[PDB]
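Novice:
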RNA sequence: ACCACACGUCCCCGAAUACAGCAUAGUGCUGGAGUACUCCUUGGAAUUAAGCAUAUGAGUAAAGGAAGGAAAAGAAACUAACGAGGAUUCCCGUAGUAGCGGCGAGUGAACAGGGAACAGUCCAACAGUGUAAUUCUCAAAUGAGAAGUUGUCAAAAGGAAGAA
RNA sequence: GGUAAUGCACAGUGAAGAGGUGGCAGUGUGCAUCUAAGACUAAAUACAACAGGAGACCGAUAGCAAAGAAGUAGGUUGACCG
RNA sequence: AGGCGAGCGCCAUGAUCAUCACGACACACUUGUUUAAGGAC
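Protein chains in written order, with the deposited numbering: chain LN0, 2 to 204; chain LG0, 3 to 201; chain LC0, 56 to 110; chain LII, 1 to 97.
Okay, here's the thing in structure tokens:
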């Protein structure tokens, strides 16, 4: 079917047709304001894996992020302490650049829930992403059977608590001996379980 | 208020329009400057295909055949279902990318029309190569609206036909021969020439 | 241990106990945190971790 | 200390069970075959529409000059894995033939 | 008389708004307060090494963002090499062990074995073509219009128990 | 803790449809076990304000700072202090 | 595929890929010369 052909072309990022399209689109994205609404998804296959349908009460927004590492916020390089903690540059953020895009779109579109996000381009200065949003106060959505779950009160601000596809990846969750640092639920949950003194009745 | 000239719009820097009042102008600056850029640079062979399309004369000829196989409206559909089944299986023209690609793959389709002005283009990009491999004839049309008018409904990406009534067969065969000339017969040569900047 | 207190140090002809920072009340300059002070903290405060039962 | 008393030879012994043979799953139904065919077909069309990438061109050029060991080193540095390099060389070779 | 349960009335300032951002066919929604406990970032020094610079205190304090009566996690791209087991969380335990460390001071997990409680499922890939069968609005007793082919649409009432 | 890289990032580079792992770097080859890059999930677990019940606890210089109109009388230019 | 000194290195010129200056255009980028000027610096 049709969605298979699109997958194979979207994967060939150094084909002549894809180099053409990436160049023209990345030009346009930078002429626009830093967060803006899109007419529809740039990639139909990718948006549909992640749960988009063309029904009322769903939207695509597009966001840009500046590239490279993030320096320490100190004046004149003065850190008032020990020399091993005096480095300013070559310090890399804990979260992906994608996570910043999701966090900023959620502030602007405060009446809606952030579902999922994907990559759409890069250049020397910026990296560009599309975010899928849903409106929980909409009659069409309240009566759906596939995304009606987003209306549960616990689903407010998923992006702020590291629950979305872009924000989750820095937590270090997984199964097996390679992820012992998160047994319990999180890094801090593991810390508590390891740094507690248990004092029974008969002892 | 005032319509700006082409010269003005090409002069303005979009990043310096910032107020809520100015947003419509920002949109127009971007639209015009994009056109100038696309005309300046070379197109790869596959994208260059969608620059070649039927004349308004041929479009008339084709539409004047196809219009006789119009799909049912909801009013018609209701009536049909109150009545009993009668007569032979109808011939109807078919619509939408998902169904069309299935019929090409099953080798059911017999002739296909495709629209050029589609964004993003990656939706239709592969159709000519698939048509050439299955050996099905096709033709390209300028706008999605040209197709909508044939079937008396909303614009679409492509239309398809899988059967021929004997009444129409003579005209049909002639049309296919015209199309093969402009499109399918020329394919292997086309896939090697890059689109020139435009004069 | 609630109050804001600090020692006055030597040179004032007073014992170097911590004292309460205040003004406008008779509480100014009184002796704060130690076990030998009125309203101060007890020696070795009693605590829930004691072993209550026996085997 | 109740550790390290047996020799390695006696630790290797085992109880004599009766085994069950594995149920082989070799039959592939008609519909599964068509499914696989269509996927492989789609992969052709992409290559036809968009062509080869820059390092694939450079690689194939070296293969014409019989620069086999240069091509090997080049591909290792591009893809990371010596296994991926060995596979991609074999696919490129077959394309040229 | 007076009391107890509910309702009616409820001045001015304050998010304080005749506003800002944003969605729908339309109605609208967010903002401030609280934050003991839970999740996500950012990130010290006193102190110990009888000095001190790696290390320690500590991913702790402080500062920011966010939610609920709990929160997070969760059904193996998992362990194991036995004659093997089988989601997540919690308790007893392996263990002050294997190891990390100016191999100094000091740091430091996992499977097993015994229990508490137990439950599994969805989307994409992949929707009737002898007709979008789908959602909404107004009318009407059968018509007009909006969304949608860049793909909509995959079914049950129902009950006596249990607790405060 | 993770030791010739346990996890997370940034820049270059960038796959295959078949891939991932088996606590010491590399190359080859059988064998065992799984299926990442989309989502949901009860019970068993943690702890303020407010309410109720108990105690080998304290008894007006004690016990919460506060057993009365107590965060009150009163004080700082102010943050805050009492 | 040519030529020199008791197949060697040395001297000729002919095909194959990058590549450093120099030109001449306009599309990224720059500037209130802005219905404009620069320019792959």
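By construction, the Cβ of each residue, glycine as well, lies at the ideal position given by its N, Cα and C atoms.
Quick test of your reading: residue 68 (chain LN0) and residue 126 (chain LN0), contact by CB under 8 Å. State the CB separation rounded to the nearest angstrom.
Specialist: Confirmed, about 7 Å.
Novice: So is residue 142 (chain LN0) buried or exposed if we call it buried at 16+ other beta carbons inside 10 Å?
Specialist: Its Cβ being crowded by 16 or more others within 10 Å, residue 142 (chain LN0) is buried.
Novice: Would DSSP call residue 117 (chain LN0) helix, strand or coil?
Specialist: Three-state result, residue 117 (chain LN0): strand.
Novice: Can you list the residues of chain LC0 that residue 141 (chain LN0) reaches, using a CB-CB cut of under 9 Å?
Specialist: Residues of chain LC0 passing the Cβ test: none, with the nearest at roughly 56 Å.
Novice: Any contact between the stretch 126 to 137 of chain LG0 and the stretch 177 to 196 of chain LG0? By contact I mean 3 or more CB pairs, one from each, below 8 Å.
Specialist: At 8 Å Cβ cutoff, the stretches touch.
Novice: Go to residue 66 (chain LN0), then tell me how far its beta strand (DSSP E) extends in each direction, as first and last residue.
Specialist: Here the beta strand (DSSP E) through residue 66 (chain LN0) covers 59 to 67.
Novice: Quickly, what does DSSP pair residue 113 (chain LG0) with across the bridge? List them, please.
Specialist: Paired residues: 163 (chain LG0).
Novice: Could you tell me the alpha carbon to alpha carbon distance between residue 18 (chain LII) and residue 12 (chain LII), rounded to whole angstroms?
Specialist: Their Cα atoms are separated by approximately 19 Å.
Novice: Does the Cβ-Cβ distance between residue 104 (chain LC0) and residue 98 (chain LC0) come in under 7 Å?
Specialist: No, they are not a contact pair.
Novice: Going by the CB atoms, is the gap between residue 18 (chain LN0) and residue 46 (chain LG0) shorter than 7 Å?
Specialist: Yes.
Novice: Applying a beta-carbon distance threshold of less than 8 Å, which residues of chain LN0 neighbour residue 59 (chain LII)?
Specialist: Going along chain LN0, no residue has its Cβ under 8 Å from residue 59 (chain LII), so there is no contact; the nearest lies around 13 Å.
Novice: Report the three-state DSSP secondary structure of residue 74 (chain LC0) (helix, strand or coil).
Specialist: Strand, per DSSP.
Novice: What is the residue span of the beta strand (DSSP E) that residue 93 (chain LN0) lies within?
Specialist: Looking at the DSSP string, residue 93 (chain LN0) is not in any beta strand (DSSP E), and its letter there is neither H nor E.
Novice: Measuring only the C-alpha atoms, how far is residue 176 (chain LG0) from residue 61 (chain LG0)?
Specialist: Residue 176 (chain LG0) and residue 61 (chain LG0): Cα-Cα distance of roughly 14 Å.
Novice: Could you check how far apart the C-beta atoms of residue 63 (chain LN0) and residue 129 (chain LN0) are, in whole angstroms? I think they sit under 8 Å.
Specialist: Indeed, because the Cβ distance is near 7 Å, the residues count as touching under 8 Å.
Novice: Among 203 (chain LN0), 144 (chain LN0), 134 (chain LN0), 180 (chain LN0), which has the Cα closest to the Cα of residue 108 (chain LN0)?
Specialist: The candidate whose alpha carbon is nearest that of residue 108 (chain LN0) is 134 (chain LN0).
Novice: Pull up the CB-CB distance for residue 61 (chain LN0) and residue 39 (chain LN0), whole angstroms please, since I reckon it's below 8 Å.
Specialist: Right, the Cβ-Cβ distance comes to about 4 Å (below 8 Å), so this counts as a contact.
Novice: Residue 78 (chain LN0) and residue 89 (chain LN0): beta carbons closer than 7 Å?
Specialist: Yes. Within cutoff.
Novice: So with Cβ pairs under 7 Å, would you call residue 130 (chain LG0) a contact of chain LN0?
Specialist: With 7 Å as the cut-off, residue 130 (chain LG0) does not count as an interface residue toward chain LN0.
Novice: Where does residue 191 (chain LG0) fall in DSSP's three states?
Specialist: Helix, per DSSP.
Novice: Would you call the stretch 155 to 175 of chain LG0 and the stretch 111 to 118 of chain LG0 touching, i.e. three or more CB-CB distances under 8 Å?
Specialist: Yes: at least three Cβ pairs fall under 8 Å.
Novice: Who are the near neighbours of residue 147 (chain LG0) in its chain, counting only those whose CB is closer than 8 Å to its CB and skipping five residues on each side?
Specialist: So the list reads 157, once near-sequence residues are dropped.
Novice: Do residue 41 (chain LG0) and residue 200 (chain LG0) have their C-beta atoms within less than 7 Å of each other?
Specialist: Cβ atoms of residue 41 (chain LG0) and residue 200 (chain LG0): closer than 7 Å.
Novice: Looking at the C-beta of residue 202 (chain LN0), does it have a partner C-beta in chain LC0 at a distance below 7 Å?
Specialist: Yes, contact with chain LC0.
Novice: In the DSSP assignment, find the beta strand (DSSP E) that holds residue 37 (chain LN0) and state where it starts and stops.
Specialist: It spans 36 to 38 - the beta strand (DSSP E) in which residue 37 (chain LN0) sits, taken as one unbroken run.
Novice: For residue 122 (chain LN0), which beta-bridge partners are listed by DSSP?
Specialist: BP columns for residue 122 (chain LN0) point to 129 (chain LN0).
Novice: Starting from residue 112 (chain LC0), follow its DSSP beta bridges and name the residues at the other end.
Specialist: There is no way to answer for residue 112 (chain LC0), as the model of chain LC0 reaches only from 56 to 110.
Novice: Between the stretch 3 to 24 of chain LN0 and chain LG0, which residues of the former have CB atoms less than 7 Å from a CB of the latter, in chain order?
Specialist: Correct list: 3, 6, 7, 10, 17, 18, 21.
Novice: Using the C-alpha atoms, what's the distance from residue 182 (chain LN0) back to residue 189 (chain LN0)?
Specialist: One C-alpha to the other measures close to 9 Å.
Novice: For chain LN0, find out if any of its Cβ atoms is closer than 7 Å to the Cβ of residue 108 (chain LC0); answer yes or no.
Specialist: With 7 Å as the cut-off, residue 108 (chain LC0) counts as an interface residue toward chain LN0.
Novice: Would residue 167 (chain LN0) and residue 99 (chain LN0) be called neighbours here (beta carbons separated by less than 7 Å)?
Specialist: Against a cut-off of 7 Å, the Cβ pair of residue 99 (chain LN0) and residue 167 (chain LN0) comes out as a contact.
Novice: Using a Cβ-Cβ cut-off of 7 Å (strictly less than) and excluding sequence neighbours within five positions of residue 93 (chain LG0), which residues of its own chain qualify?
Specialist: Excluding sequence neighbours, residue 93 (chain LG0) sits near 71, 165, 167.
Novice: Over the uninterrupted alpha helix (DSSP H) stretch that includes residue 3 (chain LN0), give me the two end residues.
Specialist: Per DSSP, residue 3 (chain LN0) belongs to the alpha helix (DSSP H) from 3 to 12.
Novice: Would you mind telling me which residues of chain LG0 sit closer than 8 Å to residue 89 (chain LII), beta carbon to beta carbon, in chain order?
Specialist: Residues of chain LG0 passing the Cβ test: none, with the nearest at roughly 27 Å.
Novice: Does any residue of chain LN0 bring its CB to less than 7 Å from the CB of residue 80 (chain LII)?
Specialist: Not one chain LN0 Cβ lies under 7 Å of residue 80 (chain LII).
Novice: Report buried or exposed for residue 59 (chain LN0), applying the criterion of at least 16 other Cβ atoms within 10 angstroms of its Cβ.
Specialist: With 16 or more Cβ atoms within 10 Å of its Cβ, residue 59 (chain LN0) is classed as buried.
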